[PDB]
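Report on the following structure.
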Amino acid sequence: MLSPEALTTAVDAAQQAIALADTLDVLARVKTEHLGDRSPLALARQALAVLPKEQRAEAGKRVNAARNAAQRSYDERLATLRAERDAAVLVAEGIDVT
Amino acid sequence: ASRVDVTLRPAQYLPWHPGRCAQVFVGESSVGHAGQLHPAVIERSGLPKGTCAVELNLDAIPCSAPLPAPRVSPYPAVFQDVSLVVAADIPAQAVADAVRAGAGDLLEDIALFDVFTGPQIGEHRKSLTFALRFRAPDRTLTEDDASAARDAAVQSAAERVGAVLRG
RNA sequence: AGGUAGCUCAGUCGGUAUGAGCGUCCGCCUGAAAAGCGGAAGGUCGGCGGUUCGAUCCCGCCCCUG
Ligand SMILES: [Mg+2]
Ligand SMILES: [Mg+2]
Ligand SMILES: [Mg+2]
Ligand SMILES: [Mg+2]
């Protein structure tokens with residue numbers, strides 16, 4: 001499960017679900033699915049605690065590499081959609097100041 | 001209180017909201033800004049939502065000592081309203097200035113009382129309705145003379161802001 | 001000695017923040033309120049760094065109060 005095959009398959013499933021989210025609501029559902037407690041990437045970390053000690057460094061920097069890749073995609077997408085939401089508020093609230 | 005005239009023009013200038021911010025001019029000199037604060041500023045600063053603010057440089061406001069000599073005609077007035085369609089981002093003050101420039105001396109008062117958007121207007125448009133009060137200095141103004149002044153006001157608004165008489 | 005949700009505070013001894021009260025929001029109640037029930041939103045765990053595959057938790061420095 002900590003293999004670089006099931007991990008990279010889960011990062012790719014997450015990075016395209018993040019790319020396909022066009023709403024903060026859609027992106028929230030994507031977050032709980034690809035980063036929440038029941039996510040493959042989060043269960044890969046909880047397995048590091050019952051792992052033999054001589055296998056945690058070689059597989060920990062692998063699981064961490066997978067987590068940081070999907071986390072980076074979600075964070076940049078959340079900022080992008082929030083800015084688009086915020087910009088749309090300012091234009092919708094324009095008034096004739098004269 | 002300063003006995004000066006000001007104009008408010010659209011502006012973008014933090015910490016104000018860029019769609020709800022006026023820059024204040026006396027003549028062609030900027031003297032400050034006014035409007036609603038930026039929602040991002042309000043949140044970052046812990047301010048109440050919707051906080052508004054004004055700041056003017058008093059030293060840039062020239063001191064004035066006017067000596068008015070008003071013309072007070074006692075002859076009856078004529079009251080007419082005009083409804084004009086313009087692009088939605090045309091400042092209402094610019095339309096009223098155009099109406100005034102064409103109406104001439106017979107126009108004593110102009111007041112906007114309606115700003116309307118809707119499907120019977122069309123998209124990207126708005127309708128402004130002004131109450132006009134006409135008066136002559138030496139005679140009882142006729143409705144035809146008033147309507148001629150009104151027609152010249154509508155023509156001036158057509159040429160200056162693209163106003164179209166409401167149909 | 002402590003800094004943990006917008007405020008006031010439990011708690012977590014390296015890999016699941018386990019939380020309360022208030023406040024806010026949302027229902028019920030009222031013509032509408034307050035109060036009262038009912039439910040929800042809400043957490044880089046003081047900042048900058050070190051160590052470590054991984055730090056709210058260990059180390060260094062520093063800000064804040066008694
Ligand atoms: Mg009439
Ligand atoms: Mg109208
Ligand atoms: Mg009732
Ligand atoms: Mg809940």
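Below, chain A is the first sequence line, B the second, and so on; all start at residue 1. Only this structure's heavy atoms are used, side chains among them; waters, hydrogens and symmetry mates stay out.
- A distance of about 9 Å separates the P atoms of C/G11 and C/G3, rounded to the whole Å.
- Between C/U51 and C/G39, the distance separating the two P atoms is 49 Å to the nearest Å.
- Residue pairs meeting the ring pair (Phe, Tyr, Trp, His ring centres under 6.0 Å) criterion with at least one partner in residues 27-72 of chain B, sequence neighbours excluded, are B/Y13-B/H33, B/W16-B/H33.
- Between B/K49 atom NZ and C/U24 atom P there is a gap of 13 Å when expressed in whole angstrom units.
- When rounded to the nearest whole Å, the span between CZ of A/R72 and P of C/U44 equals 20 Å.
- In this strand, C/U24 stacks on its neighbour C/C25, with six-membered ring centres under 5.5 Å apart and planes inclined by less than 30°.
- Adjacent nucleotides C/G15 and C/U16 fail the stacking criterion: their six-membered base rings are not both under 5.5 Å apart at the centres and under 30° between the planes.
- Here C/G54 presents its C1' atom at 8 Å from CG of A/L48, a figure rounded to the nearest Å.
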Dot-bracket encoding per residue of RNA chain C, Watson-Crick/G-U cut-off under 3.5 Å, | denoting interstrand: (.(..((((.....[...)))).(..((.......))..)......(((...].....))).).).
Test B/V154 against B/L84 for side-chain contact (heavy atoms from CB on, under 4.5 Å), laying out the working first. CA-CA 8 Å; B/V154 173; B/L84 301 168; 4.2 Å; yes
Acceptor/donor pairs from residues 102-119 of chain B side chains to any protein atom, 3.5 angstrom cut, sequence neighbours excluded:
unit_1, atom_1, unit_2, atom_2, d
B/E108, OE1, B/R135, NE, 2.8
B/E108, OE2, B/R133, NE, 2.7
B/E108, OE2, B/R133, NH2, 3.4
B/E108, OE2, B/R135, NE, 3.4
B/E108, OE2, B/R135, NH2, 3.1

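- Neighbouring nucleotides C/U8 and C/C9 stack on each other, with six-membered ring centres less than 5.5 Å apart and ring planes inclined by less than 30°.
- Each ring pair (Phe, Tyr, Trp, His ring centres under 6.0 Å) pair with one or both residues in residues 118-151 of chain B, not counting sequence neighbours, would appear here, but there are none.
- Residue A/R56 has no polar side-chain atom (N or O) positioned under 4.0 Å from OP1 or OP2 of C/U52.
- Adjacent in the strand, C/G42 and C/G43 do not form a stacked pair, their six-membered rings missing the 5.5 Å centre or the 30 degree orientation threshold.
- Nucleotide C/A55 holds its P atom 12 Å from the CZ atom of A/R67, rounded to whole Å.
- Nucleotide C/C61 carries a north-puckered sugar, as indicated by a positive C1'-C2'-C3'-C4' torsion.
- Across the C1' atoms, C/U65 and C/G60 are found 23 Å apart, a figure rounded to whole Å.
- Distance CD (A/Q71) to P (C/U44): 12 Å, rounded to an integer number of Å.
- Computed from coordinates, the A/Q46 CD to C/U16 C1' distance equals 6 Å when rounded to whole Å.
- In C/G50 the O4'-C1'-N dihedral to the base is within 90° of 0, which defines a syn nucleotide.
- Separation of the P atoms belonging to C/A10 and C/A5 is 12 Å when rounded to the nearest angstrom.
- Sugar pucker of C/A5: south, since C1'-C2'-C3'-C4' comes out negative.
- In B/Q120, the CD atom is crowded: over 12 heavy atoms of neighbouring residues, nucleotides or ligands sit closer than 6.0 Å.
- Residue note: C/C13 shows a south-type sugar, the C1'-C2'-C3'-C4' torsion being below zero.
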Run the side-chain donor-acceptor check on residues 78-98 of chain A: report pairs under 3.5 Å with partners two or more places apart or on a different chain.
unit_1, atom_1, unit_2, atom_2, d
A/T80, OG1, A/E76, O, 2.9
A/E93, OE1, B/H17, NE2, 3.0
A/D96, OD1, A/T98, N, 3.0
A/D96, OD1, A/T98, OG1, 2.8
A/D96, OD2, B/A92, N, 2.8
A/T98, OG1, B/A92, N, 3.4
A/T98, OG1, B/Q93, N, 3.1

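- Spacing between C/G42 and C/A35 at atom P, rounded to whole Å, works out to 25 Å.
- We find that OH of A/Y74 is positioned 12 Å from P of C/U44, with the value rounded to whole Å.
- Listed by first then second residue, pairs satisfying side chain to side chain donor-acceptor pair (under 3.5 Å) with a partner in residues 138-153 of chain B read B/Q80-B/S147, B/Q80-B/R150, B/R139-B/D145, B/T142-B/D145, B/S147-B/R150, not counting sequence neighbours.
- Here A/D75 does not pair with A/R72 in a salt bridge; the nearest charged N to carboxylate O distance is not below 4.0 Å.
- Per the geometry, CG belonging to A/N64 stands 10 Å off P belonging to C/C53, to the nearest Å.
- Taking the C1' atoms as reference points, C/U8 lies 39 Å from C/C53, given to the whole Å.
- In C/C45, the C1'-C2'-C3'-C4' torsion is negative, which places the sugar in the south family.
- Not both conditions hold for C/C57 and C/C58, whose six-membered rings lack centres under 5.5 angstrom apart with planes under 30 degrees, so their bases do not stack.
- C/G14: sugar pucker south (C1'-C2'-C3'-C4' torsion negative).
- Separating the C1' atom of C/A41 from that of C/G46 is a span of 25 Å, rounded to the nearest Å.
- Nucleotides C/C57 and C/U18, compared at atom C1', are 16 Å apart to the nearest Å.
- Counting heavy atoms from C-beta outward, A/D22 and A/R77 have side chains that approach closer than 4.5 Å.
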